[PDB]
Structures are given as C-alpha cells and as structure tokens.
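S.K.:
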Amino acid sequence: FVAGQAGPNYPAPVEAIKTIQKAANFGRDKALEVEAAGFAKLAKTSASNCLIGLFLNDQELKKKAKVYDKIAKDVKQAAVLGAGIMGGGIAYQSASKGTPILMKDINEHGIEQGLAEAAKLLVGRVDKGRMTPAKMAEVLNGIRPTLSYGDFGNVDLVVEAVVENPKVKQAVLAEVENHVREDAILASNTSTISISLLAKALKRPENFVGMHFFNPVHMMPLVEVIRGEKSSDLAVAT
Amino acid sequence: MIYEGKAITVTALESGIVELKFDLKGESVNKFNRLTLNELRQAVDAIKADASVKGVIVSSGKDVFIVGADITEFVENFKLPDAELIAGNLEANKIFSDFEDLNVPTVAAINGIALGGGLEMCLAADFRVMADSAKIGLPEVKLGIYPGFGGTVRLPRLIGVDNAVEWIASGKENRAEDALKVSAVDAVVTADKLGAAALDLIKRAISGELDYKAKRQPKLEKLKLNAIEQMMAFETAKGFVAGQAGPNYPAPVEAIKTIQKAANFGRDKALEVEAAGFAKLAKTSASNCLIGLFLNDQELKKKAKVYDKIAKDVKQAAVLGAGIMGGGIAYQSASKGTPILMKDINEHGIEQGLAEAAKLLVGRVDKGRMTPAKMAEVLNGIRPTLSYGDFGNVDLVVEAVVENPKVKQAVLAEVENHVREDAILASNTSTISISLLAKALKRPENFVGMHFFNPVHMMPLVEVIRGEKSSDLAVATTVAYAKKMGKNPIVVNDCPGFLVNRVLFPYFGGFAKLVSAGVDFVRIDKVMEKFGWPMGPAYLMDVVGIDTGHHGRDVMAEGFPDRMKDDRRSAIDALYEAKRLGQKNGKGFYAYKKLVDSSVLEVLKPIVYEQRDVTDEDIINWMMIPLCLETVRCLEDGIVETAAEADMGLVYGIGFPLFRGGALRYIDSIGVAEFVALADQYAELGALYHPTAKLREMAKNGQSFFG
Ligand SMILES: CC(=O)SCCNC(=O)CCNC(=O)[C@H](O)C(C)(C)COP(=O)(O)OP(=O)(O)OC[C@H]1O[C@@H](n2cnc3c(N)ncnc32)[C@H](O)[C@@H]1OP(=O)(O)O
Ligand SMILES: NC(=O)c1ccc[n+]([C@@H]2O[C@H](COP(=O)([O-])OP(=O)(O)OC[C@H]3O[C@@H](n4cnc5c(N)ncnc54)[C@H](O)[C@@H]3O)[C@@H](O)[C@H]2O)c1
Ligand SMILES: NC(=O)c1ccc[n+]([C@@H]2O[C@H](COP(=O)([O-])OP(=O)(O)OC[C@H]3O[C@@H](n4cnc5c(N)ncnc54)[C@H](O)[C@@H]3O)[C@@H](O)[C@H]2O)c1
Ligand SMILES: [Zn+2]
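So the protein sequences, as listed, match chains A and B.
Every letter in the first sequence is one number past the one before it in this note's numbering, and letter 99, counting from 1, is 99.
Offset between the second sequence (1-based) and this note's numbering: plus 1000.
1) Just to check my reading of the structure: A:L140 and A:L121 have Cβ atoms closer than 8 Å, yes? What is that Cβ distance to the nearest angstrom?
2) Along the chain, where does the alpha helix (DSSP H) that runs through A:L102 open and close?
3) Taking 7 Å as the cut-off, is the beta-carbon of B:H1550 closer than that to any non-hydrogen atom of ligand 4?
4) Give a yes or no on contact between the stretch 1302-1314 of chain B and the stretch 1658-1677 of chain B, applying the rule of three or more CB pairs nearer than 8 Å.
5) How would you write the range of the alpha helix (DSSP H) that B:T1036 sits in, first residue to last?
6) With DSSP collapsed to three states, give me the class of B:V1075.
7) So, helix, strand or coil for A:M211, using DSSP?
8) Would you please state the rounded distance, in angstroms, between the beta carbons of B:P1626 and B:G1509? I believe it to be under 8 Å.
9) Return yes when the Cβ of A:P13 is within less than 8 Å of the Cβ of A:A47, no when it is not.
10) Using three-state DSSP, classify B:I1572 as helix, strand or coil.
11) Using CA atoms only, rank isn't needed, just tell me which of B:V1397, B:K1172, B:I1546, B:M1624 is closest to B:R1580.
12) Rounded to the nearest angstrom, how far is the Cβ of B:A1125 from that of B:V1107, given a contact under 8 Å?
13) CB of B:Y1592 to nearest heavy atom of ligand 1: below 7 Å?
14) Which of the three DSSP states, helix, strand or coil, is assigned to B:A1109?
15) Flag this pair as yes or no: are the beta carbons of B:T1258 and B:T1152 separated by less than 8 Å?
16) Heavy atom of ligand 2 less than 7 Å from the Cβ of B:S1060, yes or no?
17) In angstroms, rounded to a whole number, what distance separates the CA positions of B:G1171 and B:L1499?
18) Does B:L1386 get closer than 8 Å to chain A when you measure Cβ to Cβ?
19) Step through the CB atoms of chain B and report whether any lies within less than 8 Å of the CB of A:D151.
20) Nearest to B:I1465 by alpha carbon, out of B:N1501, B:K1484, B:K1442?
21) Between B:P1606 and B:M1556, is the Cβ-Cβ spacing less than 8 Å?
22) Closest to B:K1224 by C-alpha separation, out of B:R1157, B:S1470, B:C1634, would be which residue?
23) By the three-class DSSP mapping on this structure, what secondary structure does B:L1581 have?
24) Would you kindly report the start and end of the unbroken beta strand (DSSP E) that includes A:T146?
25) My guess is that B:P1506 and B:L1688 are in contact by the Cβ rule of under 8 Å, so how many angstroms apart are they, rounded?
26) Just to confirm, are B:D1186 and B:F1127 a CB contact at a threshold of 8 Å?
27) Locate the alpha helix (DSSP H) running through B:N1093, then write down its first and last residues.
28) So is A:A137 in contact with chain B if we call contact Cβ pairs under 8 Å?
29) Evaluate the contact criterion for the stretch 1340-1357 of chain B versus the stretch 1514-1525 of chain B: three or more CB pairs, one atom per stretch, below 8 Å.
30) Using a Cβ-Cβ cut-off of less than 8 Å, give me the residues of the stretch 111-136 of chain A that come near chain B, in sequence order.
31) Does DSSP put A:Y149 in a helix, a strand or coil?
32) Mapping DSSP to helix, strand and coil, what is A:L157?
33) Roughly how many whole angstroms lie between the Cα atoms of B:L1425 and B:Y1388?
34) Bridge partners for B:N1493 per DSSP, in chain order?
35) Using the C-alpha atoms, what's the distance from B:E1529 back to B:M1648?
36) Could you give the DSSP three-state label for B:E1004: helix, strand or coil?
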C-alpha cells in the first residue's frame, strides 16, 4: 500500500515498515536496534537531507514573512473582477478562508458561472462529510455577486481577473481605481502582461501590484506577488 | 370497435386482448360523472358479453389517468336523501365490482394522476403498471369524506391495514417509488414503455404464467390479520389519527372504524360498511363546509387567470431591510426560483438576514428534505447589498423597513430614483395607509401593498393592498409574484387593518369585554380552541405580543371610532402597563412553555368590572359575533370584492377553522336570519354587535352569502 502511494523516491515510509516487520519478535532493546539501524541509513540518503532542505527553506520564508506583516495592512473586504474560471476560484478561496469578497462582472451570465463553481466545491466537501452545511453557508454568504461598484466603498484589496488583454485590463483597472479608497491595493492576476506596464494606466501605481494565481485557484499552493516598478513595499506586504 | 362512447372506447387488440381507454371527448381530463360511469357500465357489459375477449387493459388517452369529478356534482349528490345516495353509490360500485369479477385478466395502465375514483378504478383491476412520473392517492378526507367506490375495501387488502389507513387518513398523493414499495402498483416503467409493459404483463397473465385469479382473491375475502393484530393495529390507528386530526374532523377516524368493522367480511359486506359511513359523513356540517372551501378556491383560481392576463412576471426582485421580515421575504423569493437583492443600511442588518436564510435551508437539508445543491441555488439567489447599483433591472421592490410613516415615505421615495419607471414598488406595512405612503412617490400608479405575515415562511396569506392610485397592472404583478412564492394572495383595498387584522381586533375586543366581565381567560380560549381555532384568544395575544396588540389597538381606534374605541381600560392596558409583553417577554396572559401563573390575576384585577356569569355558548358568541359582523362590513364597504375572497382571507391568514368554512360561511351555516337575531341578543354589548342594515335585509329576503 504505502509504496504504491508514496513512490520509489521516498524510502522513509517503506523503511519504517521494514523496521517494524523485522523487530516483530524482539523485545525493547533489540527492537530499538532495528530502529536506529535504518534511521542511521536514512539520515544520510539524498532524499532526507533534501527534504530537510525544503524545511530549512520554509524557515527563511517565514523569517521573511514576519518582516512583511510589520507593515502589511490586513484585508477585511476583498473584491475580484470577473467571475467564472479564475473568478469563482479567487472568490471561493477568499471566502473559504474567512475573507468576504465581491464578485463583480458585466453580465449576469458571468456571475452565474462563478456562483456555479463555488457550489460544486463547497457541495463536494460537505457531500463527503469533510465540510459542515453550516460552514458552507458562511462561505456562500461570504461571496457577494454584483455588476456595479456601489459596495466597493470599503474594499481593501481588489484582484482583477478580467480577460488577458492589455487594452482591456488597462481600462478596467483604471475604472475601478475611481470607486475605491486611494489607499486600496489593486492586484492583477495577469500572466502574460507586464504589471509595470498596466500600472502606467493608473493614477496611483504605488498601490498597484500583481497577484498571480494558478489554475485551478483552489489546488495551486503558489501565488506570485509581482512587484511592479512602482509597487510600494506596503502594496506588496498587504 | 367493441364499444365506442364519448368518454370510453373499448378497442380490440392482438391475441384477443382488448384495451379499454378513458378519453373524455371535449374536456381536458378524466372524471367519474354520470356519463363516464354509465358508459363504463356499458363498456363492461360489452366485454362480459363478448365471448372472444381473453384479456382486458385499462388505459387513458389524456395527460392524467382519472382525476376526481367536478366538486359541483359532489355538492349535488350529497344533497340527496340518504336512501337515494346509498342507492346511487351501490349501483356505481357494482360497475367496478363487475369489472373486478371479469373472468379475464385485467391490468390498469396508470399513465398519470389517479385520484379518488381514478385510483378506486385501478384498485378494481387485477394487476397495475404505473408510469415513473405518475401519482396516485385518495384525497377524500379533504372533502370531509372517505373513499366511496370500494376504496376502504380494496386498499387495506392490497397494501395492508396500517398503510391503507396511512394513505386514506392523509389523502396524500403518493409517488411511483413509494407506490411500489407498499405494493399498490405491481410494476413501474417509463412513460414511453408503459403501453408495452402492460400489454406484455397481460399476455403472461393469459398464458397462465401469472395466477391473476389468485392475485384478485385477496380483496374478496376477510383481512389477513389475526384477531389480536386487528385490535392492535386498529386501536392504535384510531388513537394516533384522532390525536392529530382533532375531534372536529370525523372523516379520518370514521375511515378507520369502517375498516375495523368490515375486518372479517368479503367484498360486498365490506362495501356496505363503506357506504354506511360515507352516507353519514356527506351529511355532516364538516363536509359541506370543507367542500365550501374548495368551491371558494375555484373562484380564487378563476379570478387568478384574469390577473395573469396582464401581470408582468418578476425575474428580479428586491427587498429593503434584512432581519426578521427581510430574511423571510428574501428566503421565500429565492426558495421559489426568483433572485432578490437584500438591501440594508448597515452590515449587521444584512448579517441578520443571511443568518435566518441559513437556519431554514440548513434545517431542510439537515433532515434530508433538501439537497445541499438545492441549498446552493437558494443562497446564491439571495444577494446582499448596501447600495442601489444593481437595482437597474429590478422588476418589483418590496419595502420591509421600520414601521414608521416618515421613514417609509423617505425610503420608497428614494428607491423610486434607482429603478425603472415601470417597476412596481410594494410596502409590507401593517399599520400605515398605503394610499398615504403613495402620496410621497412620483409614480403612485406603480405603488401597491404586499403584506406578509410573520413568520414569512409559514403564513400562506399575502394581502395585496390596492392603494387608491394602484393600477390593475401594479396589482396583477404583485399577486402573481406572491403566488409564485408559494403563497396564496388576496387583493384588499387600502383601509386601517386591511382585512385580516381589521377582522381580528373586534375578535379581540370581544375577548377584552369577556375578561373585563370577570371571565377566566384560561376558560375562554379553552373553549375557542375546542371551537376550532389553533390558538385561543389569550394565548394568541402572547404570541403577537401585548406590546404589539396595544399599538394595533390605538390604530384601529383612530380608524373606526364609531365602534372600535373603548373608554375603559381593557385587560390589554393592564398587561401592557404592567410590562407583560407576552411570549416574547416570557410573561403576558400566560407565563413562559405555556404555563398559568396567579401573578396575572392581580394585574387584571383592576379591569374586572362586573362579575357577570356566562355560559360556554355565550363566550363563543361574545367572540364570533363581532368577528363575523366585521367580516361582513369589510365586504359591504367593498374592502374585498367577493365573499369567497374575504372568507379565504381568514382561512389563510387568521387560521379560521376549516370545518366551519369561514366567517361568512359561518353565518350561512347558522342562518343569516338566525344570526341577526342571535346578534341582537348581545346588542347591549356595543356597536360592535350591531348588525348592518344591509344584513338585516338579506336576512329577510332569505338571501345567503354562498347559498
Ligand atoms: C393579530 C395580528 O396582528 S396578526 C398575526 C397572525 N398570526 C396568527 O394568526 C397565528 C399563526 N397562525 C397559525 O399558525 C395557524 O395555525 C395557520 C395560519 C397556519 C392556520 O392555517 P391553515 O388552516 O393550516 O391553512 P390550510 O393550509 O389548512 O388551508 C386549507 C387547505 O388545506 C386543505 N386541507 C383541509 N383539510 C386537510 C387535511 N386533513 N389534510 C390535508 N389538507 C387538508 C384544504 O383542502 C385547503 O387546500 P386548498 O386551498 O387547496 O383547497
Ligand atoms: N488558462 C487559464 O485557465 C489561466 C491560467 C492562469 C491565469 N489565467 C488568468 O485568468 C484571467 C482570465 O480569466 P478567465 O479564465 O475567467 O477568462 P474567461 O474568458 O474564461 O472569462 C472572462 C470573464 O471576465 C468577465 N469580464 C470581461 N470583461 C470584463 C469587465 N470589463 N469587467 C468585469 N468582468 C469582465 C467576463 O464576463 C467573463 O466572466 C487572465 O488574466 C489569465 O491570465 C488563466
Ligand atoms: N411584529 C412583527 O414581527 C411583524 C408582523 C407583521 C408585519 N411586520 C412588518 O415588518 C416590518 C418590520 O420589519 P422587521 O420586523 O424586520 O423590523 P426590525 O426592527 O426587526 O428590523 C429592521 C430592519 O430594517 C433595516 N432598515 C432600517 N431602515 C432601513 C433603510 N432605510 N433601508 C434599508 N434597510 C433598513 C434594519 O437595518 C433592519 O435590518 C414592518 O413593516 C412591520 O409592519 C412585522
Ligand atoms: Zn395604553
């Protein structure tokens, strides 16, 4: 079982079993020997000191994280532009993690797509006992559809997920900037367009940064925070 | 063809099999009227006489199999003398019984709905194949009667005693799935392969494969249950049903006694026990009273189609203010497939709405009654907001702001500048005049009233208050939208208290005078509950909350001084001033969950003027007389168009006892004339008990409301 799921590249799991399989008729002491026997071997393997390397990296990431939170302004009200594929995802994630978010779009059909995926996921969870119907309520209620900018009055950060079009994004971002606080951060989930380029269309580029998510937004652990040429340390920390 | 009627055609098929199809020419359904029966009689005689027939199939050429007969004919039949009615049903049953005795395998091809007689017809045949979408049930008890065409005879011998009682006492429609699980139907198929399944089964029955003679036998002999098991199964059925149906509804229980008696008889004798009670019930005051409710419904639907002619459907609704009423209207709208915006001023408000929306939806799925996915559609339908950016395409806006003339007049006036000029604006107000709030708008033609009752997800009524400037369209759209929210709307011209509330206060006044006359209120409602009301007058005062009843009073006073204004302090003032707000405050007439505490006797002491003794019947009159009279006034003044409307306005909103038909039909029951007289005996109580001039008149011309 283990081997068929862990993979040939990870010895630890399987070796743990062999260690137990071996000292299956021994007392404490003898059993301990079989333990250190393999423990010593593993500690030297290329897999071990490599994974241990991942953790050592994590430590740096968290070390460099505390420095960010020093000036990072927490987000109590987020907003995403454009539902559907990326929209429903960012919206889902945001709400699923206790952060209300507006799902703005142009046509009702768009928002329908977003609200659709939001369901499937939340549904599938509770459908698997992994989630509580009540919790699912908190999530769905967190997501708030819209086609206007009336409620953007107190949005702290806006993640633009419009179509991959320099012309279009430059207009959207420029428009939204006139419906939020002047200290509100604006993000761009763009993947092929230069953030530093999209930032010249705005009036307050200091607050414009890039927030790149990977499809599907609810499966990929990375989120590239693209720091534009004018992106302030705070605009990024947030 | 073997036979060709106007409702039944016996066409011959292969292998000597024959198909008897119900296709009533000219109508849209199938029902057992005089013709239908008389023809089936002939149809059978044709088959029975045709020595070539080897198999019979019973089909339907309509969307439904066979539904119930026109409620009209019912009224007629139950008017006939007992000996005639029974003699009429005996002949009708023989038609079926004969078809049941055919020396040929018979199969009922249930394609669609089969209610009452429609189902009773199938129960006659040997086997039965039903479509997966079809439904079958015995909705007799809803008319104050029970299966009359051998229903209470065959069903118990087919699906079992416990199930037969569970099916009849409830009159619920049963789906295909559960229909086969209890063996009411032998096989289930799809609409397209139904005809095939039937034809196939028959052949097997004819071939001797299936012992059709042995399958029929069961419903020709006594029940299978033991002697102990009968008593066990029956005495419990009686105890259960009665403990839930109530003493006022005989049908349910009588259905059981009918089965309990013919528990050792064959078909014929069992049929007798059936008609025996059926004849009695048809004559009870409950029957022709419930049947009256249905007759009223018919009018409501006839006046409904006229509304839909010009009513603009609502694809995008909007409610102002979340919380209690907000979360409800929002819940309902979305729960019935109609998106709605939940606008408010502060995030906390919307937090309230979204909260209740959960509890409900949650509780539903939490008991398998709802699908998590379904709950998703609902929640996503509700869309919170604090601005008017998305109101650009809202068709109807229901304002549920605070009960404040000043406030509503500002809100409504504001919203009107954020919606289409052909968008209807409603007001869930309860104490403020719609015609008054309409003067604040710029397009009052589109402003109407849409009154919901708390809780918005439990009350079936929705008063559509037509302001003085409300256009027929502005109203038609409202009604349609109310009907689509699974509610039963009733148009009521603007007036203090509208219909329901306006009629409920006099009822409360009669309650005030009783208590102020040294009458134990605990004894009062214990009588009104015995009468038919869900909750007694006292207990109700707690439910609504004295704090509310006090306000509601002052409003009606200014509305109708000539009779709704009292100079003495009622038991209300006592409880109100004593700060006993009711069930919501834990203390009111009762203590809260429903308990009696002597600490109240003291508070009401100052109100008890005379220690006037009174009988149980008088009590009922001190209450019902005012209510009925006021119900009439609302009709006379034109507050409500028809009698059926003003009567249903209670059955739905006030919870008027069903077996009594309604406030108005209660008069027609006692006697318009005898009512006036009875009302005069209490004339000394107040202008509230003074019959109207128009009443005394029709009371003399032998006229009657529904008569
Ligand atoms: C004072 C103020 O300011 S106002 C505050 C108002 N609050 C209140 O009045 C208190 C709340 N009241 C209640 O909760 C009451 O119990 C109410 C309102 C729910 C009572 O309503 P009901 O009488 O249940 O309405 P109901 O659904 O029975 O209507 C009759 C329907 O039931 C059907 N029916 C009758 N008997 C049966 C039966 N045995 N089985 C199934 N259906 C039946 C009828 O055929 C009819 O259907 P139809 O209209 O299609 O023909
Ligand atoms: N290939 C992928 O799936 C993928 C992977 C990574 C990143 N991305 C990024 O996702 C973004 C594209 O998102 P998508 O997958 O939903 O594209 P899409 O074409 O599937 O959907 C576009 C959505 O944006 C809405 N929209 C368009 N113009 C708008 C406007 N002015 N205001 C508001 N809403 C508007 C549309 O109505 C629609 O709902 C791009 O930035 C792209 O780089 C996509
Ligand atoms: N007693 C009852 O429970 C009852 C019974 C029947 C009908 N009603 C009717 O219901 C209405 C009252 O509703 P309620 O019970 O929710 O009152 P409530 O006091 O419980 O709640 C008021 C809600 O309205 C919101 N609100 C206030 N001003 C607003 C504005 N300008 N715009 C948007 N939202 C605003 C508040 O934020 C809050 O969410 C009245 O018209 C009343 O006649 C009440
Ligand atoms: Zn007072």
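Ideal Cβ positions, reconstructed from N, Cα and C, are used throughout, including at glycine.
M.R.: Straight from the coordinates:
1) The pair is not a contact, with the Cβ atoms about 11 Å apart (cut-off 8 Å).
2) Premise fails: A:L102 lies in the beta strand (DSSP E), 101-104, not in any alpha helix (DSSP H).
3) yes
4) no
5) 1034-1049
6) helix
7) strand
8) 6 Å
9) no
10) helix
11) B:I1546
12) 6 Å
13) no
14) strand
15) yes
16) no
17) 31 Å
18) yes
19) yes
20) B:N1501
21) no
22) B:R1157
23) coil
24) 143-146
25) 5 Å
26) yes
27) 1082-1100
28) yes
29) no
30) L115, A118, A119, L122, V123, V126, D127, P133, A134, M136
31) coil
32) strand
33) 14 Å
34) B:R1466
35) 20 Å
36) strand
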